[PDB]
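Each remark here refers to the structure printed beneath this line.
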Amino acid sequence: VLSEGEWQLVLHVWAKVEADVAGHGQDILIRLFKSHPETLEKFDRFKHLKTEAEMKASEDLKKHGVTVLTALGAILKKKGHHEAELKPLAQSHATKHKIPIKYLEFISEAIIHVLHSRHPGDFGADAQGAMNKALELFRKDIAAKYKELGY
Ligand code: HEM
Ligand SMILES: [O-][O-]
């Protein structure tokens with residue numbers, strides 16, 4: 001359980017993200033795909049992309065980044081009371097998209113990296129630890145739903 005102070009740190013940096021949702025989504029997905037190429041293979045939409053330049057030039061990828069971060073933002077603003085938001089997400093990612101929890105660990109690492117690059121004065125150690133905890137909570141709760149479903 002995050003404390004109120006931890007959530008304040010999370011949402012303070014998140015408010016900085018929401019000034020440029022699409023730029024952040026690009027950086028995060030590209031980082032994910034480059035650091036963990038098995039993740040790219042899960043996207044029939046995107047597996048044709050073979051270079052970083054090609055990824056950066058894809059408007060479809062940029063749009064999907066907005067989808068991802070919009071969903072995450074809605075989850076983070078619920079401060080843990082996010083059951084209703086995670087049910088559909090867990091159900092699609094387990095059963096349709098076939099995404100292992102480990103790959104949620106990978107995108108969490110990419111999120112934290114990009115936040116540090118883009119917002120260092122609002123992403124000091126205190127805020128990094130709080131964001132790590134928020135993304136851990138996200139993963140914990142998705143993992144429980146996966147387990148229910150047999151994934
Ligand atoms: C912060 C973590 C993530 C969030 C908030 C998130 C959110 C979403 C949302 C809102 C959608 C569209 C609605 C749906 O199908 O449920 C989607 C689609 C998808 N997600 Fe994620 N996602 C996350 C992580 C991942 C990861 C790590 C992978 C792959 C490694 C992944 C693979 C997919 C795929 C394959 C689709 C369908 C793309 C398409 O239109 O073809 N997601 N995700
Ligand atoms: O990727 O969602």
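Simple scheme: letters A, B, ... for chains in structure tokens order, numbers from 1 for residues in each chain, numbers from 1 for ligands in the order shown.
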Inset, instruction - Tell me, as a count of residues only, which residues lie within 10 Å of residue 75 of chain A, counting only C-alpha atoms; anything in the same chain fewer than 5 positions away does not count. - result: 11
Legend entry - Nearby residues, ligand 1, 7 Å, only C-alpha atoms and all ligand atoms, as a ChimeraX atom specification: /A:39-40,42-45,67-69,71-72,88-89,92-93,97,99,103-104,106-108
Could you take the residues named above and write them with C-alpha atoms, as a compact mmCIF listing (two decimals), in the first residue's frame?
```
# COMPACT_ATOMS: atom_id res chain seq x y z
CA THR A 39 7.83 -7.52 -26.66
CA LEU A 40 7.70 -6.10 -30.18
CA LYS A 42 3.52 -9.43 -29.52
CA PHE A 43 2.30 -6.57 -31.75
CA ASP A 44 1.17 -7.64 -35.18
CA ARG A 45 0.69 -3.89 -35.73
CA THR A 67 -3.79 4.63 -25.64
CA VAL A 68 -1.40 2.96 -23.21
CA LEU A 69 -0.52 6.04 -21.19
CA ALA A 71 -5.13 3.94 -19.51
CA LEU A 72 -2.21 4.02 -17.08
CA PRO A 88 -10.72 -5.33 -18.66
CA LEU A 89 -6.99 -4.70 -19.05
CA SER A 92 -7.42 -8.60 -22.62
CA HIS A 93 -3.70 -8.81 -21.86
CA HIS A 97 -2.85 -10.33 -26.30
CA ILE A 99 1.32 -10.76 -22.46
CA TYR A 103 6.61 -7.93 -19.91
CA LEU A 104 4.65 -5.61 -17.61
CA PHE A 106 9.69 -4.50 -18.68
CA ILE A 107 7.32 -1.65 -19.61
CA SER A 108 7.44 -0.44 -15.99
```
Inset, instruction - Could you give me, as a PyMOL selection string, each residue of segment 27-124 of chain A that DSSP assigns to helix (DSSP H, G or I) when run on this structure's backbone? - result: chain A and resi 27-35+37-40+52-57+59-77+83-95+101-118+120-122
Atoms kept (C-alpha atoms) for selection, written as a PDB file, in the first residue's frame:
```
ATOM      1  CA  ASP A  27       9.771   7.077 -25.977  1.00  0.00           C
ATOM      2  CA  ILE A  28       8.387   4.393 -23.667  1.00  0.00           C
ATOM      3  CA  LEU A  29       7.338   1.898 -26.340  1.00  0.00           C
ATOM      4  CA  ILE A  30      10.577   2.406 -28.308  1.00  0.00           C
ATOM      5  CA  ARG A  31      12.599   1.840 -25.163  1.00  0.00           C
ATOM      6  CA  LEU A  32      10.555  -1.292 -24.422  1.00  0.00           C
ATOM      7  CA  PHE A  33      11.000  -2.631 -27.959  1.00  0.00           C
ATOM      8  CA  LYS A  34      14.723  -1.932 -28.106  1.00  0.00           C
ATOM      9  CA  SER A  35      15.520  -3.247 -24.632  1.00  0.00           C
ATOM     10  CA  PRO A  37      12.685  -7.265 -28.542  1.00  0.00           C
ATOM     11  CA  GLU A  38      10.371 -10.164 -27.612  1.00  0.00           C
ATOM     12  CA  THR A  39       7.825  -7.518 -26.662  1.00  0.00           C
ATOM     13  CA  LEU A  40       7.701  -6.096 -30.180  1.00  0.00           C
ATOM     14  CA  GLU A  52      14.445   3.119 -34.062  1.00  0.00           C
ATOM     15  CA  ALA A  53      13.968   5.674 -36.845  1.00  0.00           C
ATOM     16  CA  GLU A  54      11.132   3.594 -38.305  1.00  0.00           C
ATOM     17  CA  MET A  55       9.541   3.354 -34.857  1.00  0.00           C
ATOM     18  CA  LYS A  56       9.826   7.097 -34.321  1.00  0.00           C
ATOM     19  CA  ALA A  57       8.229   7.728 -37.761  1.00  0.00           C
ATOM     20  CA  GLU A  59       2.061   7.498 -36.405  1.00  0.00           C
ATOM     21  CA  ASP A  60       0.256   4.275 -35.550  1.00  0.00           C
ATOM     22  CA  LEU A  61       2.819   3.571 -32.845  1.00  0.00           C
ATOM     23  CA  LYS A  62       2.439   7.105 -31.516  1.00  0.00           C
ATOM     24  CA  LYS A  63      -1.336   6.657 -31.342  1.00  0.00           C
ATOM     25  CA  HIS A  64      -0.974   3.403 -29.443  1.00  0.00           C
ATOM     26  CA  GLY A  65       1.378   5.099 -26.994  1.00  0.00           C
ATOM     27  CA  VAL A  66      -1.397   7.541 -26.192  1.00  0.00           C
ATOM     28  CA  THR A  67      -3.788   4.627 -25.640  1.00  0.00           C
ATOM     29  CA  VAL A  68      -1.403   2.959 -23.212  1.00  0.00           C
ATOM     30  CA  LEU A  69      -0.515   6.038 -21.190  1.00  0.00           C
ATOM     31  CA  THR A  70      -4.107   7.246 -21.068  1.00  0.00           C
ATOM     32  CA  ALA A  71      -5.131   3.945 -19.508  1.00  0.00           C
ATOM     33  CA  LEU A  72      -2.211   4.017 -17.080  1.00  0.00           C
ATOM     34  CA  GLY A  73      -2.937   7.581 -16.043  1.00  0.00           C
ATOM     35  CA  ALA A  74      -6.575   6.682 -15.245  1.00  0.00           C
ATOM     36  CA  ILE A  75      -5.265   3.779 -13.110  1.00  0.00           C
ATOM     37  CA  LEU A  76      -2.706   5.878 -11.251  1.00  0.00           C
ATOM     38  CA  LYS A  77      -5.256   8.600 -10.445  1.00  0.00           C
ATOM     39  CA  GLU A  83     -10.226  -2.618  -9.551  1.00  0.00           C
ATOM     40  CA  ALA A  84     -12.688  -1.601 -12.263  1.00  0.00           C
ATOM     41  CA  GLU A  85      -9.994  -0.179 -14.479  1.00  0.00           C
ATOM     42  CA  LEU A  86      -7.782  -3.279 -14.272  1.00  0.00           C
ATOM     43  CA  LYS A  87     -10.408  -5.925 -14.929  1.00  0.00           C
ATOM     44  CA  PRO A  88     -10.717  -5.330 -18.659  1.00  0.00           C
ATOM     45  CA  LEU A  89      -6.990  -4.699 -19.054  1.00  0.00           C
ATOM     46  CA  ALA A  90      -5.987  -7.887 -17.289  1.00  0.00           C
ATOM     47  CA  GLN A  91      -8.591  -9.860 -19.211  1.00  0.00           C
ATOM     48  CA  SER A  92      -7.420  -8.603 -22.624  1.00  0.00           C
ATOM     49  CA  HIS A  93      -3.701  -8.811 -21.858  1.00  0.00           C
ATOM     50  CA  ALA A  94      -3.938 -12.332 -20.451  1.00  0.00           C
ATOM     51  CA  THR A  95      -6.369 -13.932 -22.825  1.00  0.00           C
ATOM     52  CA  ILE A 101       3.529 -10.379 -16.304  1.00  0.00           C
ATOM     53  CA  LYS A 102       7.267 -10.169 -16.925  1.00  0.00           C
ATOM     54  CA  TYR A 103       6.615  -7.934 -19.915  1.00  0.00           C
ATOM     55  CA  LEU A 104       4.648  -5.608 -17.605  1.00  0.00           C
ATOM     56  CA  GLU A 105       7.817  -5.461 -15.523  1.00  0.00           C
ATOM     57  CA  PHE A 106       9.688  -4.497 -18.677  1.00  0.00           C
ATOM     58  CA  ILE A 107       7.316  -1.654 -19.614  1.00  0.00           C
ATOM     59  CA  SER A 108       7.437  -0.437 -15.992  1.00  0.00           C
ATOM     60  CA  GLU A 109      11.216  -0.148 -16.303  1.00  0.00           C
ATOM     61  CA  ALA A 110      10.784   1.794 -19.566  1.00  0.00           C
ATOM     62  CA  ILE A 111       8.254   4.162 -17.963  1.00  0.00           C
ATOM     63  CA  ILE A 112      10.594   4.865 -15.078  1.00  0.00           C
ATOM     64  CA  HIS A 113      13.518   5.456 -17.423  1.00  0.00           C
ATOM     65  CA  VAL A 114      11.629   7.904 -19.626  1.00  0.00           C
ATOM     66  CA  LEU A 115      10.244   9.795 -16.612  1.00  0.00           C
ATOM     67  CA  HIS A 116      13.750  10.238 -15.264  1.00  0.00           C
ATOM     68  CA  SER A 117      15.017  11.505 -18.625  1.00  0.00           C
ATOM     69  CA  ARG A 118      12.178  13.903 -19.155  1.00  0.00           C
ATOM     70  CA  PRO A 120      14.501  14.803 -13.426  1.00  0.00           C
ATOM     71  CA  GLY A 121      13.618  17.697 -11.085  1.00  0.00           C
ATOM     72  CA  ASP A 122      10.261  16.016 -10.297  1.00  0.00           C
TER      73      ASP A 122
END
```
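Candidate residues A:25, A:143, A:58, A:136 were compared for distance to ligand 2, and the nearest is A:25, using only C-alpha atoms and all ligand atoms.
For the set A:26, A:147, A:142, A:79, the residue with the smallest atom-to-atom gap to residue 8 of chain A is A:79, counting only C-alpha atoms.
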Inset, instruction - List the neighbours of residue 12 of chain A out to 10 Å using only C-alpha atoms; skip same-chain residues closer than 5 positions along the sequence, and give me the result as JSON, numbers by chain. - result: {"A": [6, 7, 17, 122, 123, 127]}
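Among the candidates A:133, A:10, A:100, A:125, the one nearest to ligand 2 when counting only C-alpha atoms and all ligand atoms is A:100.
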Legend entry - Length of the atom CA of residue 14 of chain A to atom 2 (O, counted along the ligand's line) of ligand 2 vector [Å]: 17.9 Å
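Between atom CA of residue 11 of chain A and atom CA of residue 144 of chain A the separation is 24.3 Å.
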